Structures are given as C-alpha cells and as structure tokens.
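I have placed the structure first, in the form of structure tokens, so that the comments after it can refer back to it.
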C-alpha cells in the first residue's frame with residue numbers, strides 16, 4: 001500500500017505540513033495543489049489522478065467533478081455534526097468543555113459528508129492557534145492514519161451524520177473587546193477565539209486595532225481601558241474588573257502588519273512607565289512573563305514565549321541576558337525550552353519588515369541570534385540542552401543545534417532550511433554544528449530539502465538526540481527526568497571535564513569564530529547584495545500575498561519530467 005495522495009490546502013500550513021510528514025515518512029506520495037481557483041483544483045486532480053484526496057485546510061468549496069471522481073476527505077475542526085467555517089472560534093466563544101475534530105467526505109451541502117473518523121478532547125482555556133496546533137493536529141493525525149487503513153482494506157463504509165448544527169462565519173461585532181463592559185475573563189475569551197486570526201477588534205489610546213496574545217494581570221489595576229504599564233513592548237490595559245496584557249496588535253489598515261503593541265501604538269504611549277520583571281524573579285500573582293527562568297534539581301530551565309516563534313533583535317538580547325544569568329548559577333545543566341507551541345522560528349520577519357531599513361534590521365537580528373548561539377557554545381562547565389516542545393524552522397532549528405543535546409516532542413515539525421525565505425545561507429554556527437551531527441554531505445542535503453521533516457525523522461537521521469512524549473507537558477516531564485538522571489551519573493562529570501578542556505582551548509574558539517565570520521559574510525551578501533531574493537520572499541510572507549499557482553516543489557503533477 002503505497003498510495004498517491006493529493007492535498008488541497010489554502011496554504012501549506014502547519015497541519016498540512018504535519019500530515020505531509022506523517023504520510024511521506026510512511027512511504028506514501030503526497031502532492032500538493034494550493035487552493036487558488038476551482039479550475040486549478042480540477043486541473044490538478046486530472047493531472048495527478050490521486051488514489052485519495054485530503055483537504056487539510058479549505059477556503060473554497062471543492063468542485064463537484066473532483067470529489068465525484070476521486071475519494072475526497074475533508075478536515076473539520078469540530079466534532080461530528082458540527083458544520084461551518086469558524087468551528088473553533090465558536091467553541092471558544094461558547095466555552096465548550098469538550099470539542100473534537102472530524103474527517104468527513106466531501107459533499108454538495110457544506111460539511112454534510114459521511115464521517116470517516118473523529119477524535120474528541122477536553123478543551124483548554126487557550127488561544128485558538130494553540131488548540132489547533134496541539135489537540136486538533138494530534139487528533140487529525142489519528143483520523144487520517146485510521147482512514148488510510150480503512151481505505152486500503154477496501155470495504156469501509158463511512159458513518160452518515162445524524163444530528164448536526166450550523167454556525168456561520170463569526171462577525172467582528174462578536175469579537176470586539178469593550179474595556180468598560182468586559183471583565184478580564186471575557187477579554188481573554190474574545191482574544192483567544194480570534195488568535196492568531198482574525199484578531200479581536202478594539203480601541204486602544206484612540207486607535208482602532210486588532211488585539212493578539214492576551215494574558216491576565218492580577219496586581220496592576222486602574223480604570224477600564226487605561227494603559228497601566230509597558231513590559232517588553234506588551235501593554236497592560238484596565239478591564240471592568242481588572243487588567244489584561246496585549247503583546248501584539250495590528251492596525252485596521254490595508255497595508256498594516258501584526259507587530260508588538262508598543263510599535264503599533266508608538267508615540268501614543270509617551271509617558272507610560274516600563275514595569276520590568278526579571279525572568280529569575282519569583283512572583284505569586286498572574287502577570288505577563290515573556291521569559292521565565294526556574295531551577296529544579298540542579299537544572300536551570302529557560303522558557304521563552306516569543307510570539308509566533310519569531311525572535312526579534314530585542315528578544316534575542318533579552319534571552320542572552322537570561323542565559324548569562326543562568327551560566328552564573330549553581331546549576332549542572334541549562335535547558336532552553338522555548339514555548340509549548342514553538343521552539344523557535346528564527347529572525348522576526350515582521351519587525352524586520354517594519355524597520356526603516358529591513359537590511360540593517362536583518363543584520364541586527366542575525367548578529368543578535370548569533371550572540372545567543374555563541375554564549376551557549378562557550379559554556380565549558382555546564383550541560384546545555386534544547387527541549388523542542390513545538391515546531392522549529394530556519395534559524396530556530398540551528399539555534400537548538402548549538403546545545404549539547406537536542407530533544408523534541410513527538411509530532412514536532414522541523415524546517416531545517418531557508419528555502420522559504422529567499423535561500424538565506426543561514427548562520428547560528430551551522431557550519432560547525434551541522435557536520436558534527438550528520439556529516440557535510442547529508443547536512444547539505446538537509447538544507448536543500450524544502451519539505452518538512454518530523455522530529456522522528458530528525459532523530460533517525462542523527463540531527464537530534466531523542467524524541468519522546470505526546471504533549472508539551474509530558475515532554476517536559478520526561479526531559480527533566482532524563483537530564484536529572486544524567487547529571488547524577490558518573491558519565492556527567494567525565495563529560496564536563498572534557499568539555500572544560502575543549503571549550504577553553506584557543507583552537508576550538510578560533511574555529512567557531514571563523515565559522516561565524518564565514519556565515520555572516522554570506523548573510524551580508526543575502527541582506528545587501530544586488531540580488532534581493534531574500535527581501536522579496538520576506539515581503540510575500542509577512543504580507544500574506546496570495547498565490548496564483550502552485551509551485552512545482554509542492555505540485556508533483558506540475559514538474560517538468562512528470563508523467564503517469
């Protein structure tokens with residue numbers, strides 16, 4: 001059973017990429033056609049002639065002549081019988097305690113098809129994007145693998161829907177945050193239901209904005225809608241009964257992009273006081289903590305919750321400060337944990353796109369990331385560990401590889417390449433870390449591959465040191481257990497005595513410095529050379545510019561020497 005499967009996807013988003021990994025790593029073939037026009041979707045089915053069509057992420061209705069000719073399965077982010085385009089938004093706005101995902105056949109009426117598989121799960125009070133990236137994606141993977149088994153046996157009959165309900169597209173009026181009428185929990189619900197799209201509309205300091213990435217505040221209080229403090233470019237705003245932090249906003253203009261709240265609001269904030277909290281401080285009330293540092297059992301853990309996994313120049317320097325602090329503590333190991341949803345995705349393209357000179361900000365950002373990487377590498381007397389709870393890509397993958405040990409949760413998706421951002425050369429000392437892990441030949445193959453790999457595949461090829469745990473929490477618990485065991489063994493003290501010798505030698509230090517210099521000269525060419533392929537790719541990505549065809553690297557049915 002080696003099937004030829006066609007994905008229909010609005011964008012090749014995280015769910016599409018997770019399912020791509022699960023299917024191709026089982027030796028099925030997956031071709032992708034992006035959702036551009038029904039005529040293109042029809043042409044792609046006729047060109048590729050799939051065994052099976054899966055639609056992980058649909059915008060347009062599938063043309064009748066496709067799904068009447070090829071078995072076509074649709075992913076719906078709600079339990080059986082739920083119908084409509086904003087299933088998750090409604091489930092969060094309504095406060096459902098149980099939700100689910102359904103794999104169902106295409107049909108004439110919207111979301112009416114017979115059910116092939118479904119999974120249910122308890123709801124978290126959390127951002128829509130986090131539900132989609134964790135509970136929904138894990139459930140969808142189980143549905144799809146189950147349906148491939150059913151499909152190959154050949155006598156499967158799906159289950160028609162009995163009871164069902166329809167929720168229309170959710171309107172902004174329902175999402176809009178009113179600082180006077182809404183208590184903190186209501187603000188949270190509205191932002192969570194709208195994050196990472198379309199955002200919850202609001203007014204702040206006179207500006208019509210969309211709100212993203214909210215956190216409750218318990219100490220600071222004031223008048224509803226008053227800005228009470230600034231902290232790492234997040235703003236804290238009074239609610240009816242309290243206060244809420246908003247880390248990111250987007251103005252409601254055509255050209256505008258999602259940015260840290262301080263950069264959107266700008267001069268309007270003049271006079272607000274920064275309310276700093278160091279990551280290593282203990283607080284016993286709820287508040288916004290971008291970076292958290294905690295010690296347990298001789299291990300120092302650094303959580304860094306950078307929105308979208310994107311690390312701006314300033315977030316890099318804040319992370320560096322915390323690594324430096326940790327390296328002065330009496331810990332045996334330092335563990336970089338990122339956030340539950342992302343380890344890191346590299347440079348912050350939005351803050352780069354927003355800068356007066358994108359090229360100068362790119363140069364600032366890559367040097368900031370490399371300063372973090374350098375500090376990690378030059379840690380002679382402690383174990384360094386990257387714990388990837390969530391996806392990673394571009395410079396974020398190579399940040400992890402500077403750690404002595406790299407572990408990832410099961411189901412993490414990796415993009416260890418730059419082919420989506422204008423073929424950047426990359427830095428982060430990859431010319432040192434990558435061949436030490438896979439060899440030069442395979443390392444070059446890894447960075448030429450534009451398609452994603454799973455953390456299981458990354459472990460099998462030697463790119464990372466282990467993969468375990470189904471959820472972020474389970475992964476953190478097994479990670480701590482495994483590190484705790486190592487640092488309490490004789491093997492750890494032998495290892496540190498060797499590392500102390502290697503990482504203080506002049507030879508090793510000149511080696512890593514030469515790798516940084518050579519990488520940065522290439523990135524300098526990328527950022528400033530006459531070829532501006534990097535800037536062009538960044539513009540299309542940050543601005544979400546639409547596609548007018550499916551590139552051949554996605555569409556196998558549209559490659560030059562394609563036949564049969």
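Neighbour counts are summed over all protein chains in view; Cβ atoms, including those assigned to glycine, are modelled from backbone coordinates with ideal geometry. Each value in this text was obtained by applying a stated rule to the coordinates, not by laboratory testing.
For every residue, the table says whether it meets (1) surrounded by 15 or more Cβ atoms within 10 Å (Cβ to Cβ); (2) within 26 Å of residue 378 (Cβ to Cβ).
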site: 454; (1), (2): yes, no
site: 462; (1), (2): no, yes
site: 468; (1), (2): yes, no
site: 484; (1), (2): yes, yes
site: 487; (1), (2): yes, yes
site: 502; (1), (2): no, yes
site: 510; (1), (2): no, yes
site: 513; (1), (2): no, yes
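Go through region 41-52 and give me each residue that's part of a helix (DSSP H, G or I) and within 20 Å of residue 563 (Cβ to Cβ). Passing the criteria: 42, 43, 44, 45, 46, 47, 48.
Taking residues in region 541-564 that are farther than 30 Å from residue 255 by Cα, and partners anywhere that are assigned to a loop (DSSP other than H, G, I, E, B), the pairs with Cβ atoms closer than 6 Å and at least 6 places apart or on different chains are 558/552; 559/552. From the residues in region 237-252 that are in contact (Cβ under 8 Å) with a residue 60 or more places away in the chain and in contact with a strand residue (DSSP E or B) (Cβ under 8 Å, 6 or more places away or on another chain), which one is surrounded by the most Cβ atoms within 10 Å (Cβ to Cβ)? Residue satisfying both the conditions and the ranking: 244.
A quick yes/no check of all residues on (1) in contact (Cβ under 8 Å) with a residue 40 or more places away in the chain; (2) surrounded by fewer than 16 Cβ atoms within 10 Å (Cβ to Cβ); (3) touching a strand residue (DSSP E or B) at 6+ places or on another chain (Cβ under 9 Å); (4) over 23 Å from residue 239 (Cβ atoms):
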position	(1), (2), (3), (4)
117	no, no, yes, yes
130	yes, no, no, no
137	yes, no, yes, yes
152	yes, yes, no, yes
156	yes, yes, yes, yes
161	yes, no, yes, yes
166	yes, yes, yes, yes
196	yes, no, yes, no
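Taken over region 263-302, the residue count meeting the criterion of being in a helix (DSSP H, G or I) and either touching a residue at least 40 places away in the same chain (Cβ under 8 Å) or surrounded by 20 or more Cβ atoms within 10 Å (Cβ to Cβ) (or both) is 5.
For the subset of region 72-97 comprising residues that are farther than 16 Å from residue 160 by Cβ and touching a strand residue (DSSP E or B) at 6+ places or on another chain (Cβ under 6 Å), which member is surrounded by the fewest Cβ atoms within 10 Å (Cβ to Cβ)? Out of the qualifying residues, it is 84. Within region 30-52, restricting attention to residues that are more than 17 Å from residue 548 (Cα to Cα) and either out of contact with any helix residue (DSSP H, G or I) (no Cβ under 7 Å at 6 or more places or on another chain) or free of Cβ contacts under 8 Å to residues at least 12 places away in the same chain (or both), the residue that is surrounded by the most Cβ atoms within 10 Å (Cβ to Cβ) is 50.
Can you tell me which of 191, 187, 177 is part of a loop (DSSP other than H, G, I, E, B), over 26 Å from residue 111 (Cα atoms) and under 29 Å from the mean Cα position of the chain (by Cα)?
Step by step, each of 191, 187, 177 is checked, and only 177 is part of a loop (DSSP other than H, G, I, E, B), over 26 Å from residue 111 (Cα atoms) and under 29 Å from the mean Cα position of the chain (by Cα).
Checked against (1) free of Cβ contacts under 8 Å to residues at least 12 places away in the same chain; (2) over 30 Å from residue 135 (Cα atoms); (3) under 30 Å from the mean Cα position of the chain (by Cα); (4) surrounded by 12 or more Cβ atoms within 10 Å (Cβ to Cβ), residue 517 meets all criteria but (4).
Here's the yes/no breakdown for (1) in contact with a helix residue (DSSP H, G or I) (Cβ under 8 Å, 6 or more places away or on another chain); (2) buried (at least 24 other Cβ atoms within 10 Å of the Cβ); (3) within 21 Å of residue 393 (Cα to Cα):
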position: 317; (1), (2), (3): yes, no, yes
position: 332; (1), (2), (3): yes, no, no
position: 338; (1), (2), (3): yes, yes, yes
position: 343; (1), (2), (3): yes, yes, yes
position: 346; (1), (2), (3): yes, yes, yes
position: 357; (1), (2), (3): no, no, no
position: 361; (1), (2), (3): yes, no, yes
position: 373; (1), (2), (3): yes, yes, yes
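When residues in region 198-236 are screened for being over 24 Å from residue 291 (Cα atoms) and without any contact (Cβ under 8 Å) to a residue 40 or more places away in the chain, 7 of them pass. Criterion applied to 445, 410 was being in a loop (DSSP other than H, G, I, E, B) and touching a helix residue (DSSP H, G or I) at 6+ places or on another chain (Cβ under 9 Å), and the one residue passing it is 410. Here the condition is being within 17 Å of residue 143 (Cα to Cα) and outside any loop (DSSP other than H, G, I, E, B); of 26, 18, it holds for 18 alone.
The set of residues from region 53-84 being over 18 Å from residue 143 (Cα atoms), in contact (Cβ under 8 Å) with a residue 12 or more places away in the chain and part of a loop (DSSP other than H, G, I, E, B) comprises 59, 60, 61, 62, 63, 69, 70, 84.
Tally up the residues in region 241-262 that are farther than 16 Å from residue 201 by Cα and either part of a helix (DSSP H, G or I) or touching a helix residue (DSSP H, G or I) at 6+ places or on another chain (Cβ under 8 Å) (or both), please. Reasoning before the result, please.
Taking region 241-262 first, the residues farther than 16 Å from residue 201 by Cα are 241-243, 255, 262.
Then drop every residue that is not either part of a helix (DSSP H, G or I) or touching a helix residue (DSSP H, G or I) at 6+ places or on another chain (Cβ under 8 Å) (or both), which leaves 241-243, 262.
Residues meeting the conditions: 4.
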